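Colleague: no sequence for this one, just the structure:
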Ligand SMILES: C[C@@H]1O[C@@H](O)[C@@H](O)[C@H](O)[C@@H]1O
Ligand SMILES: C[C@@H]1O[C@@H](O)[C@@H](O)[C@H](O)[C@@H]1O
Ligand SMILES: C[C@@H]1O[C@@H](O)[C@@H](O)[C@H](O)[C@@H]1O
Ligand SMILES: C[C@@H]1O[C@@H](O)[C@@H](O)[C@H](O)[C@@H]1O
Ligand SMILES: C[C@@H]1O[C@H](O)[C@@H](O)[C@H](O)[C@@H]1O
Ligand SMILES: C[C@@H]1O[C@H](O)[C@@H](O)[C@H](O)[C@@H]1O
Ligand SMILES: C[C@@H]1O[C@H](O)[C@@H](O)[C@H](O)[C@@H]1O
Ligand SMILES: C[C@@H]1O[C@H](O)[C@@H](O)[C@H](O)[C@@H]1O
Ligand SMILES: C[C@@H]1O[C@H](O)[C@@H](O)[C@H](O)[C@@H]1O
Ligand SMILES: C[C@@H]1O[C@H](O)[C@@H](O)[C@H](O)[C@@H]1O
Ligand SMILES: C[C@@H]1O[C@H](O)[C@@H](O)[C@H](O)[C@@H]1O
Ligand SMILES: C[C@@H]1O[C@H](O)[C@@H](O)[C@H](O)[C@@H]1O
Ligand SMILES: C[C@@H]1O[C@H](O)[C@@H](O)[C@H](O)[C@@H]1O
Ligand SMILES: C[C@@H]1O[C@H](O)[C@@H](O)[C@H](O)[C@@H]1O
Ligand SMILES: C[C@@H]1O[C@H](O)[C@@H](O)[C@H](O)[C@@H]1O
Ligand SMILES: C[C@@H]1O[C@H](O)[C@@H](O)[C@H](O)[C@@H]1O
């Protein structure tokens, strides 16, 4: 692979509803967003069926739960501006129409919740810089003007809250290295300069928080293996060295923290099946990758159920959405085999960044 | 102290709003509930002033945030039944009137959020058993009938979610030991039998979750010192031995998990000042207690701000509410000295359990 | 029990030979020291039989392995002075006669190895202060003069190396609290002043090193339960608060670090059987005590075999030495039941400190 | 670099004497072994000066301390057989002549101490298999016959005790992967078959024990960076995945466990200076490499002083031995700059394995 490659992304965005039911969002062959959901937060739950939002879209959709429980989806439109829609009541299938947030968008949108309850969206803009826009009041349809954070992006952005409430954004730069920028006071429009974490990544970065409040970042490297880095913590503003893990992966990775507090990472492997690795102990070494039966056609998208059970979604060879999950909450739970969520097929609507 | 004593409780209940502003609830000399809140989730924020809910009450009030962000308060009424009121919109000072949930209540109420978004309330009933009632749909004013969990309670109940979504309830029993009972499937009406954790406690139990998903319980013991016990974990249904910490305490303890993942405990000490102890490392030993200047007249009530800063509320010698807090998010942050939240005085409305 | 009680001690001293065979030393009804050893460092090993050192003694004997592998035993004599004898070659049953080190001794002797290979002995002296004497060259029969470290002791001393090579000595003081004093430079005659760790202990203190280089001290408390305290570490000269563990114990405790790095403690329990508790995780909480069948008449003495298997020695109701051990090296190994090491009976020769 | 390269090795072997004084062994331009030692185990200690053992040698020498404190050195002779010499008394400069152990040796020798006090030596033999020979009685000049462990070696062997007393040997195989073989009962002639840890290493393997009893192995990889792997533990016979650390290294690595229980690794870096990395927390992530001033001409050899202070030895550009060390025992201690141990120059006598 080339240093400037971006690994295959996930095919849906997933969220937990206010009642913790999983709900997924993808783009079908009509270039419209469709969604589907569990009807109950139970291990046996049926799924409602695929329901369409009217409107042609031009990016992967991004979803986040508002601080009042209402889901809200962000997507690029036919006019290359940002659009969004939302549940008008938590846990209810009453949605707004797509509504305009304007701007000129050249990446998939990335949405984060500030620690004061206000949603905030990050995109690459028409000048390849990072731009953002936010709710000016928690869970309200009052949005700011667009504002630039500068930089030159060559990946989609990835945003995450630090334990102290400061949003931090990660993105690949013009030199194919991982760069990052952050709020310097929680949920305030006060930002750092861009700083480089070095190395070379060949996927979007993926970021998760450890129990102990340290951010950890995962990405595919130049040699096509998983690599990761973490904050040193203790009021330090330093990071660890990079480590790679053996095993060639062929999609973006997806990270999750299990209910035991340990990290797990999923990715499509060299044989195009789903691979999983997990920390064997607190901060510990990582297990050899383990494989699930079945060839997959997207990166995994990983979520957790109301009872902590991990669930994974992927594009199948039939171009439909499949999922599998842990049967019980235990960290040693067995897993199901891939099952179909049928009724539509999906396309990869991700913005082509080059 | 006698084995059957119940240590002095906190004087307010505290919650985070959907936007993470702190809001406190207490009972004034008119035997009505009043509340006060931060106007913004900032370290410098002013407080709105004391506002009254009309209605005479006969217990300490209990507050919880619904899964749609709306706060909801539970209290015993003049008729010894359960009453509740709620914000009609998240982050808004538009409240319902007190509305009836009926029942015969002989303890302070305790409220928990199930992992499927439904509030659930636990009380001691007219026959001294544990009784509960719940929302039948997430964040909706549809409630179940009252149902008995049996037992004989001599403390208020304390409820907490396990990492796998199962509510677990702790309460002192007829033998003055700590007992507990739990959902055996997450957010389902399937409960265990009562089981004893043994020992003798002289306060309500206080329960918190560790990073690694293990519950930890704190209480004052027969010798008036803090003692604690924790789940062994690893799909075990066993608990650790009890450990006590040196230092005589004179109120209920209050536990909090800081943004570094470590536990801290606050309690009024033998000299009637606020004492604090913290885990020195991951699961580690506990620090010697450290003292804050100022004589206090209630147990502490502890909360965290939107940026992770710990904040403590207590009754003063003037019978008014005071608070102090960490000045920065760091675990080594300095602390302020007690400041007054003036305008009313408070009484301890806790139900007298004997 | 009274605050000034000293819990029943172990009946033998145990050491590993240069080849790691266990060897035990006790006092028989002739008031002479006898010893016995494994003939091979194997799980099935026979024991050689009881062999007598000629000479009447007046304390429990203390044994340590020199830095050249030779065992060396220290004891108080009929003249109340210190005497010692030694293997003249490692792993060989060729011993010196008892040889004089003089002094006036009013406690059992305690021996430690400095980090530069020189043995050092600590005793309470005729004026109740701590006194010490040392090899002036590693593993050589050249000893210093007696020198005083001051203080007032009401227990036998317990000495242990810090991770940085500094000997630290623990002993109960005139106020029945735990006190300690330490080298301020490794293996040098430069010592701190006495400092109090506070509390009240009713046994000799027992000290062990954690993996992470922090000393941890165990003792019985005023309420007859096990209590413990540890160094905070990180170049701090502070200690944790004291914690007690539920369960009444009736002898001195014995601590050991298993080959997994976790601490375990053994003690005679309230029912006069052997009890065991272990840390359930890294620095973690402690297990409920578990009991071994059989009434015992001394504190346990605990050792580790060449393969890490834990082995325990106690006085039986027949006044003979019994032992049991782990059958395999695993931390979850099963245990044998008490077996007799027959041929002599033993007395408790410990110096009566009052 | 090629997959079959073996990274530059250290220029001396180092041991602690019975009194913990450091002593180093190297080969000079006369192809004889010389040694030098600290005169006292102190931070300021002078060194004795270079002293020659008569006899021409044909490998790097290997040194180990016997279980009776006497150092013993192993080397290949002019006849390609194994030779050894020893201190005849601990801590004394009275040495045997080189004495024969015979055999046909095609690697540097590697020496380990069994958990029953018997030295054991591992070499590649005339048929490229692993061969070994051992003391049949602890610290005695009675040796076994040579015996084969099979395999095909392309690196020098590296041997280490498991926490349970079983020797484990690591060596690169015919496929350039890391292989290992182990005693299946502690200090017994009962061995496993060879098993592969996979990957590709371009240096000798280096093995150390973690506090928690798990072996960890370090080696340079095919991409010239440091990589490492560890035992999973918990009576499992599994290992972690491999991880690499960013940073090109140009010698064998040297690992050490500091007195805080954390691992540190030293290696010559891409700019031919000494680099150091350390675990930032328990099992934690690894720091970015830090550099010491000065170009070096060998891998580092790392030791610990009697007080825990880390000390490093390297070949200088003048072909003499240099060292630097921590000034205090603290983990954050400052370091000295390179100082000369003058009087001879050294050559790399390592056996050329191809
Ligand atoms: C995001 C970063 O912004 C500037 O610093 C560029 O010079 C970097 O190459 C990178 O694109
Ligand atoms: C809550 C518990 O319920 C029953 O088991 C009683 O026998 C106990 O004493 C306790 O009150
Ligand atoms: C060992 C200690 O030495 C002195 O400080 C005494 O005052 C203490 O009581 C204690 O005995
Ligand atoms: C040491 C190992 O021994 C055999 O298994 C060989 O097939 C391997 O290639 C390796 O050399
Ligand atoms: C998502 C939105 O759907 C609408 O129908 C379009 O008119 C907008 O341009 C945008 O594409
Ligand atoms: C997303 C932002 O929208 C604005 O309208 C543009 O002017 C900016 O360059 C950027 O593209
Ligand atoms: C995940 C499923 O595995 C099967 O082998 C495929 O045939 C399906 O299309 C799908 O990819
Ligand atoms: C809290 C409620 O306030 C109301 O005014 C009363 O009528 C009810 O009895 C109850 O006390
Ligand atoms: C709280 C419950 O209310 C019901 O009405 C009573 O019948 C129960 O005994 C219990 O007190
Ligand atoms: C906390 C405050 O400390 C002061 O000393 C008291 O005078 C106030 O009443 C209040 O208790
Ligand atoms: C241990 C020593 O044994 C000898 O026989 C005695 O003479 C000494 O006094 C001392 O008791
Ligand atoms: C052990 C020491 O021996 C010396 O001879 C005595 O003078 C001291 O007081 C002390 O007893
Ligand atoms: C440990 C052994 O247990 C048995 O019950 C006793 O009869 C023996 O004397 C001995 O104490
Ligand atoms: C190390 C030994 O030194 C001796 O002098 C030689 O005779 C042997 O062959 C061997 O080299
Ligand atoms: C080291 C061993 O020495 C023996 O003499 C040889 O026969 C073996 O092949 C091997 O080289
Ligand atoms: C370590 C020392 O650093 C210096 O720069 C060199 O000149 C010396 O030869 C030696 O290598």
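Modeller: Everything's here; your move. Numbers count the residues shown, from 1 in each chain, chains lettered A, B, ... in the order given. Ligands and ions are numbered 1, 2, ... in the order given.

Colleague: From here on, just use CA atoms for contacts and neighbour counts.
Modeller: Will do.

Colleague: Quick check: residue A:299 touching residue A:265?
Modeller: No. If you go by C-alpha atoms under 8 Å, residue A:299 and residue A:265 don't touch, sitting 11.6 Å apart.

Colleague: what do these two both touch?
Modeller: The contact sets of residue A:299 and residue A:265 overlap at A:253-254 (C-alpha atoms under 8 Å, 6 or more residues apart in numbering or on different chains).

Colleague: Comparing the two, which residue is more hemmed in?
Modeller: More crowded of residue A:299 and residue A:265, by other C-alpha atoms under 10 Å in any protein chain shown: residue A:299, with 29 against 20.

Colleague: Looking at strand pairing, list the partners for that one.
Modeller: residue A:10 (DSSP bridges).

Colleague: Tell me who's in contact with it.
Modeller: Taking C-alpha under 8 Å, 6+ apart as the test, what residue A:299 contacts is A:8-11, A:251-254, A:267-268, A:314-315.

Colleague: So which of those residues reach ligand 3?
Modeller: On the criterion C-alpha under 6 Å from any ligand atom, none of the entries of those sits beside ligand 3.

Colleague: buried subset of the residues you listed?
Modeller: A:8-11, A:251-254, A:267-268, A:314-315 (16 or more other C-alpha atoms under 10 Å in any protein chain shown).

Colleague: Give me the subset of those lying in strands.
Modeller: Mapping the buried ones among the contacts of residue A:299 onto strands (DSSP state E) picks out A:254, A:267-268, A:314-315.

Colleague: Could you check how far the closest residue to ligand 11 within the stretch 1-150 of chain A is from residue A:319?
Modeller: As assessed by C-alpha to the nearest ligand atom, ligand 11 sits closest to residue A:115 within the stretch 1-150 of chain A, at 74.1 Å. Residue A:115 sits 38 Å away from residue A:319, going by C-alpha to C-alpha, to the nearest Å.

Colleague: So between those two, which is more surrounded?
Modeller: Neighbours were counted for residue A:115 and for residue A:319 using other C-alpha under 10 Å; residue A:115 has more, 27 against 18.

Colleague: where does chain A come near ligand 6, residue by residue?
Modeller: Residues of chain A that fall close to ligand 6, judged by C-alpha under 6 Å from any ligand atom: A:103-105, A:125-127, A:131.

Colleague: which two from those end up farthest apart in space?
Modeller: Across the residues of chain A next to ligand 6, the longest distance by C-alpha to C-alpha is 11.6 Å; it joins A:103 and A:127.

Colleague: Identify the residue nearest residue A:149 in space, chain neighbours excluded?
Modeller: residue A:130 (5.2 Å; C-alpha to C-alpha, 6 or more residues apart in numbering or on different chains).

Colleague: Walking through the stretch 251-354 of chain A, point out its strands one by one.
Modeller: A:254-257, A:263-268, A:273-278, A:290-295, A:301-304, A:310-315, A:321-325, A:339-341, A:346-347 (DSSP state E, counting those that start in this stretch).

Colleague: For the stretch 251-354 of chain A, give the residue positioned nearest to chain D.
Modeller: Across the stretch 251-354 of chain A, no residue is closer to chain D than residue A:288, which sits at 4.4 Å (C-alpha to the nearest C-alpha).

Colleague: so who does the closest residue to that residue other than its chain neighbours touch?
Modeller: With C-alpha to C-alpha, 6+ apart as the criterion, residue A:288 has its nearest non-adjacent residue at 4.4 Å, and that residue is residue D:241. Counting by C-alpha under 8 Å, 6+ apart, residue D:241 makes contact with A:245-246, A:285-289, D:229-230.

Colleague: The same query, at a cut-off of 6 Å, please.
Modeller: Residues near residue D:241 by C-alpha atoms under 6 Å, 6 or more residues apart in numbering or on different chains: A:286-288.
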